[PDB]
Amino acid sequence: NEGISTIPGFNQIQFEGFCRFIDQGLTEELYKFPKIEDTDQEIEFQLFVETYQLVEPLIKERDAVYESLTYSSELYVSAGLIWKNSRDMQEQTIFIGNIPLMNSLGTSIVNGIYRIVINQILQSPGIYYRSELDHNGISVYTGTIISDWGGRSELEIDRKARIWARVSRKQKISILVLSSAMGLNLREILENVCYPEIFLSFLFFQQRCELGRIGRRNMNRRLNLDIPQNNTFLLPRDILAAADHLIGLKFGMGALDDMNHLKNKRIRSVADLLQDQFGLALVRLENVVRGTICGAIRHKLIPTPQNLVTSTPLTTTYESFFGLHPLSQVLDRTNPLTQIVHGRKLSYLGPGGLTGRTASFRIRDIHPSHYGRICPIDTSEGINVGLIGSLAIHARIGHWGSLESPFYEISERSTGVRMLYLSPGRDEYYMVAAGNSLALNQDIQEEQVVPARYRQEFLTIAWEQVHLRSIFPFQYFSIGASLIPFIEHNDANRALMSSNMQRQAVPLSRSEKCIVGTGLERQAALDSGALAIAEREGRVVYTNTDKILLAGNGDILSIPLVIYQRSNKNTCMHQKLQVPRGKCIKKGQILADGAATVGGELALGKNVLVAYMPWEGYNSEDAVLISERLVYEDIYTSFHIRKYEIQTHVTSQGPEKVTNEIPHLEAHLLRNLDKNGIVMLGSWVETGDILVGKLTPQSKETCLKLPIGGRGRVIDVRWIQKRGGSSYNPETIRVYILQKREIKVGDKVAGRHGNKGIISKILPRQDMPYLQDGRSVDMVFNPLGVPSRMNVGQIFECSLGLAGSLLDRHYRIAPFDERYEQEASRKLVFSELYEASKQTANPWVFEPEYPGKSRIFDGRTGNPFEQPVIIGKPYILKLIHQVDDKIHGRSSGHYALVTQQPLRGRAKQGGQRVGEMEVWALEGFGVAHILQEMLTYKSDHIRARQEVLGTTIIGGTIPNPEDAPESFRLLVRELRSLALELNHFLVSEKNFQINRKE
Amino acid sequence: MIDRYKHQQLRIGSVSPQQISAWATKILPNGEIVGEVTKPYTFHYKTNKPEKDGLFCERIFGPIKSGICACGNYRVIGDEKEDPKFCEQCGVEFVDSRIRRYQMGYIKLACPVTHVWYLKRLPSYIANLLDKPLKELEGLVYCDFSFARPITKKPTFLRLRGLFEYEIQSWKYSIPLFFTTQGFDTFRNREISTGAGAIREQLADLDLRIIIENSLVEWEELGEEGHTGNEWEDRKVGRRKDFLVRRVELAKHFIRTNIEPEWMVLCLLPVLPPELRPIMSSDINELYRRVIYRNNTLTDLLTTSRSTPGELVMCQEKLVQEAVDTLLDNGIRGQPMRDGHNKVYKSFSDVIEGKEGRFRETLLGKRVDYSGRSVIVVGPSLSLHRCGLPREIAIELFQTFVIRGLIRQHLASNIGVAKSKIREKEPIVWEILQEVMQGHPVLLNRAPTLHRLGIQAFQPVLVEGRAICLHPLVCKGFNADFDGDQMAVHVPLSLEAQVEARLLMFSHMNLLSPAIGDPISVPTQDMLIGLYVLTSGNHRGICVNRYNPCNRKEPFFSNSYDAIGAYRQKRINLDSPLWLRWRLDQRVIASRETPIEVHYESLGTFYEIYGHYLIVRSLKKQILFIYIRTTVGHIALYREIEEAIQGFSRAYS
Amino acid sequence: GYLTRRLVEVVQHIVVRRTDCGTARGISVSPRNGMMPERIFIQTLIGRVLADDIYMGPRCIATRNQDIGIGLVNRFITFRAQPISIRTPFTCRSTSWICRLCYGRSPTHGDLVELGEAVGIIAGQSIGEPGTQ
Amino acid sequence: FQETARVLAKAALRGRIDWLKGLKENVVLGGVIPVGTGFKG
Amino acid sequence: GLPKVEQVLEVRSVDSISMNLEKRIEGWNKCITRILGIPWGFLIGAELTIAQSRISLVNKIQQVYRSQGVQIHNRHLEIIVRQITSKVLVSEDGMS
DNA sequence: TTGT
DNA sequence: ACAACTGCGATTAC
RNA sequence: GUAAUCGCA
Ligand SMILES: [Mg+2]
Ligand SMILES: [Zn+2]
């Protein structure tokens, strides 16, 4: 009913999954709970499943995220306990536990953390019929039956009939024996099966037969069976049929099954995981009920139903699931695009799925079945390549667990038009043509030829024979790839790089829309969740920075805005009002604009003038030369907020005490602290200052200091008293600093077309090359990247952007504009440039001799360059990786307790690692002393290291260490714990004496 | 040429229980012996203090603090005044607490245990020495059985002489009552033994010479006609022969290695030093507590009464041996023995073996002090020996050197004032930092260090930024592109290391790849484009002229300097042809083509016009003038190379 | 990465520790044996040390213990030399170490490998690094 | 390098003696490697 | 390519490296026992097998590297090869 | 898983 | 039974 | 201090 005439919601998948869960999965799980009766009198407690009612959360989301509490709902079910002596059943409602609730965006709040549930792709239960060719002889044919639990009832055939099951570890097993054990009398078996001559010539249980509803259906499909859907059990007729098909495969009457086909796979959504978690929680609850009944019998007391049930199992189960499950990950909130793209991921790796190493090559390639249902250019780069992928824009999840795609039906009928979400297996038996119909050759139009898809193949057929047509432009891609303008002119390899780099953008202090776009930024910003959308019609009577008042139908609703908040990836979140006071807004329109969004469209970068030429080497490899205008005009300024927290953990000996007056500290510090041991709001701090001062008696000084690189204003501090832990808990003090970061040498910039670079010099505007207009270019890029990485759409974008800037237009172009004609992008770009040149009379914009190229001058000398250069205004983004974060340096500070090597990590102030591939290079160069120094006194030799500082301060020569490092000594100790000795035992060549080194 | 003889020989072997005892045994001043671990307790309850005679005991291992003791009185080691080495009240010695790192312990085991490596590996050394099958030994170790004759060097009255006794149903109650009960206990060891005494008696009472003799005899017997038989029989004969050869080799090695097979069964188990397993609590220590608990329960059951049931003590012996197996090496038997959270326990074999094991993670790879990483950018005006280095990294790398500089000059009195001045970012600190590293070499390196050119050496130049500048021509070596790559920095402290870095590891000394000896540092992307534009040429044929010149180049320059000046003054274009006079060199590479036209006048001077040059001569066969036809690009490249060579030669003097 | 690691281990020990080991045997390199590729023959001869004198009539083109160069290879292919005896790590008299003459010219600078150089590691890296392509 | 425990048990039972004429042997021991400047001539 | 490089170096089977090489090796192993007697048959067979295996092992690796344009010097391949072909296996018949 |  | 790239950095969960 | 997960080049 929805998504067949417009782009569906990006978060509709999680929405419908959570809805189906709450609708049916809770009741289905509550139905299967057993009747607790563990006694001689058989005192029985029961839960009335019909009286299942969830309750609204006691706290709001804005309070859960603030107080680090979970956002859940209360499950109340009426229960009846029939006592043995009372001979009656008292009925009361019990609080089983809390069930987490999902937001409209798909995210859940557990312990104050935003977490998303990534979907998993698992093979569907069924019969599979693979084959394998033997080294010598005929090819072996095998049929595997897959169960919901994961049972494998294999069947094999040798050169003879030899219908042997591979269930047993032994050589083989008799299929006739299995059929006789099933119930067959050895006569009806041969009577029912086809080709009975072959069968007659040849002369644990619950989990294998636990076929799902899906399993039943599939079994019926492959092996024609009329077994009702309800009977989801491995019937012997199914086995008989399986055998029949297997023998038939030997004579050529069969078709093997492709296990990479989607129709053979199921998708597990948040509902499937929540249902299993609820079942496990119910099992734990039944165990706890049995235990408390056993205890009440020991204490000679018949208790009320409330006394039996405790709220622990449900809460602890859901908490452990959200905390430790491999398919529950924290939401990435670097930019609004990440929030939406995170919930569309489909993963092969997971609990019950292929591990990175396990996955065969075949698993990781596109299968023709993935067309329109999965993204063919969005994967995870690394060892898990081809195992983590996204979900198509127009896809939906089906009733049977299969992803479905929208296909138009061009076949003539009563309606003559349909949009059907065909499942993966069904679209194979259809002629799907993605081409247009704008061709006439003096014959009827239906006689024209067009490429089409049939039986997982490509072929050319007449328009009379095509049943389906793929009209939607964004049907075969995902949100990440669809945001790439002119994607047809870019290589498929660079598309993945561009999709990955769009995810890294940092929201800037100011936002500007893109001149050239694909038109998906609107719905992206709509479904991102960082936008204020009204839920009621009315008028905006009052406008304020903190809140917005919307008066409608005699009711006033207040919407709270976000003012300089902090995301999970240290990126600022802020919202600004868009609508003025006194205008009407419908239910759905935009009230305010969040970060990285202006005018309701996603805006992850800026539009700057760009020239493609080499400049004095500053552009070698990939490197960008940028002007100072981007610096002193705050074009790429961004705000980053980092949090630091230390809990006041109360030890058994003494609790921690927070005092401002702490001795043994210099007077230059502690200025920011208040009367209480905490920094004040609005205080500028730097590296090595004290944020929270604690006496820590148990006295000492476990304080909070700033690390290297932390220089920002203290925006807010929170004193968080922790409760609900069944006992007094430590208070938490969270400080927040805001670091304004400008664009600097070493920062990464990127373009939507896969172009990435690192700034190398900030030249002034006077030295920058200027156009014939007189304006200096903002950035200069290397023109040799285009033939290397094969990105041609960037040129188009630059030019169209120049044209737009001059004519004050914004172009939202759907991909694959060459379906209309040939060189449609080129025609559009050249036409818009000419118009700009005519309207604003700048002849330079369109040069008839070389369209799209102009001749610029040098800022230094003032002489024109020989060849023309490309001048445009592309959309450049600033990436999260920044130099400040990557800078690091260690002299001699801290060591590991056991290894005694220097520590790891930039935050921990640790050195760099000399691996085996570097020791090899050092040995090849022949630098023995450098290797020895690095392996002993710069790393592990405690005495030598202690002496190094003294020798360097005094200035004396550092002697060569002769003792063994701590790593070797450790080995000796370990090996001798393993009862193995190790002695150096050096022998002097002078006097032939053995000397042990300890 | 007598070489410098260095002789170092590491040695490994099985250690006797006496040595593992002497690794821990120590004699206090009072006269007690310390070293035995007997209690599973690691630390006190809500006191965070080491428990006595425990896994972390101060008495047996050492004090937890330097100069402090568990008794409560601090002392100074090495003082002039006489001080007792160890407190009379408390066993802990007054020493620096580094000993806890290097000090070992040992738990005495009432019932012996068998090493997992020797027993349960597919090649079983115990099953090799004792010709008894591996299944029999694994049973006798794990499943209650009996071995009839474990001693062959003592008198034996009973004539059982059996390999595996599957049951004790044989009459033994009438035999024990008949003999004095103490007497029965005395000879039961020579009689049927069970669990861990039979293996030790077989390994101890054994003659390796008789073993090699019998194995050689059986080898000589077999192989006469086994190959003639079927493949199965030949395979069995071959496997037996290989087993016999391995037995011979093991016995021959045991004869002359001062190592006894008795040490394969562990009477006493060593305990790792406490610091190496610091409690946060480790599994090592969890398994240690488990084996300690099981061993003390076994000792209690043994010391309680001899009339105790054999089943209980045997089951506790099996539990002790399984705990010892899980401690030493888990996973060889195939049983994971997970924790309370269904997680497998780590063992010493898992610690040593693995990529993340002891060897590869620690010994062959480690991190160093004096190191920093940052992103890399192009510095296109640097020399092959110079590299741009940020100041915030240099101040941390060379911090000790600038401290020494502040101490030497009258700028800082002490180390603290100098460190405070360095933290304050005073201007003199940067001057001292510059003066410090003018002759110091920096070792840059990259994470994918595939070849030997991944690590090189440069001269650090102080820059104002956060990005490490690198020379462009040196990028190929590091496979570096400025798209986000990062690099590390290393400072050689010793003078020998500085000499090595400055002489061997510099870029000017490594210009040829070690694969085929080809130039690795060459113009790649933009310099190649510039050179190609310089030396490309000019439009020669129909491109330069619209009509044939038959119906109907111009500039003549005496010096290359004049042509370059005219190009700088925009008089002539880059590709514009010209004539350049040469001083009798004829070094221009060209095709072997005869003159296209030769003009000979009456007086004797003949002009020879070639494709790219004109050579005027006279009647005396004397080359009067030579004019080369080229462009400013070729002469510019030639002049820049020649002037580079000449400037190098002049600067040498 | 995996291939680069294993190779280094096998040949890690080898280091040039002798100027000459005394071997009188050398492999015979002839073009017609392997279809006579000129470039491959030149690459094979360049960098090796001769183990036997090459005579074209009374004159000796190159004697023993001499390092072949591009000019010598060109003279050999011009004079159509018969199978040439050169030194190689195969004809060395030891497996733990090699000598300067058996190894030949150093790839780094262009002279005999100096004593103390570890050629084993170098070869492993020179084989592993181009394995990416 | 691949089977640490096996070769360790084998060398322990045999009693092997290793003379540090290799690079990784001195690397583990933390000493001067007999290569280049570490080769005494 | 690179999988073929790994294969030759780890000599899993001599048929993998070449069929002609395995044929010649088994032919020598069979025939050389007849002629040249006991003391001068094993040595000459070992030398012939070493020569043929080294020549083969190199030619294969160098061809695999040159098919893609990678130019490597035969010396580096030789050092490694020597180690592969530097040990001998005593037969089961002789024990002393 | 893939092969050893 | 054994092994299957090198390192770095970030987070949360114990 | 260890895991899980993602990213980086
Ligand atoms: Mg790169
Ligand atoms: Zn296009």
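Counting convention: from 1, in listed order, for ligands and their atoms alike. Lettering follows sequence order; numbering is per chain, from 1. Side chains included, hydrogens not; waters and symmetry mates left out as well; all remaining heavy atoms used.
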Quiz item: Which N, O or S atom name in B:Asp485 marks its closest approach to the Mg ion (ligand 1)?
Solution: OD1

Quiz prompt | Side chain to side chain, A:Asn500 and A:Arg503, heavy atoms closer than 4.5 Å | solution = yes

Please report, to 0.1 Å, the donor-acceptor pairs under 3.5 Å made by any side chain of residues 523-530 of chain B, with sequence neighbours excluded.
from: B:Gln525; atom 1: NE2; to: A:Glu621; atom 2: OE2; distance (Å): 3.2
from: B:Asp526; atom 1: OD1; to: A:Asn782; atom 2: ND2; distance (Å): 3.4
from: B:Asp526; atom 1: OD2; to: A:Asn782; atom 2: ND2; distance (Å): 3.2

Self-check item: For the Zn ion (ligand 2): the N/O/S atom of A:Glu488 at shortest distance
Solution: OE1

Quiz item: With under 30° as parallel and over 60° as perpendicular, where do the rings of A:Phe846 and A:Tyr834 fit, or are they tilted in between?
Solution: perpendicular

Quiz item: Quick one: does A:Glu488's side chain have a donor or acceptor within less than 3.5 Å of a partner on A:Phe816's backbone?
Solution: yes

Self-check item: Angle, OD1 of A:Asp817 through the Zn ion (ligand 2) to NE2 of A:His489 - 10° precision
Solution: 170°

Quiz item: Which atom, counting only N, O or S, brings B:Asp483 closest to the Mg ion (ligand 1)?
Solution: OD1

Practice problem: Compute the angle centred on the Zn ion (ligand 2) spanning OG of A:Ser825 and OE2 of A:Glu818, and express it rounded to 10 degrees. | Solution: 80°

Self-check item: Stacked cation flag B:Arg446 on B:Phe478, 6.0 angstrom / 45 deg
Solution: yes

Quiz item: Of all the atoms in B:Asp481, is at least one N, O or S atom closer to the Mg ion (ligand 1) than 2.8 Å?
Solution: yes

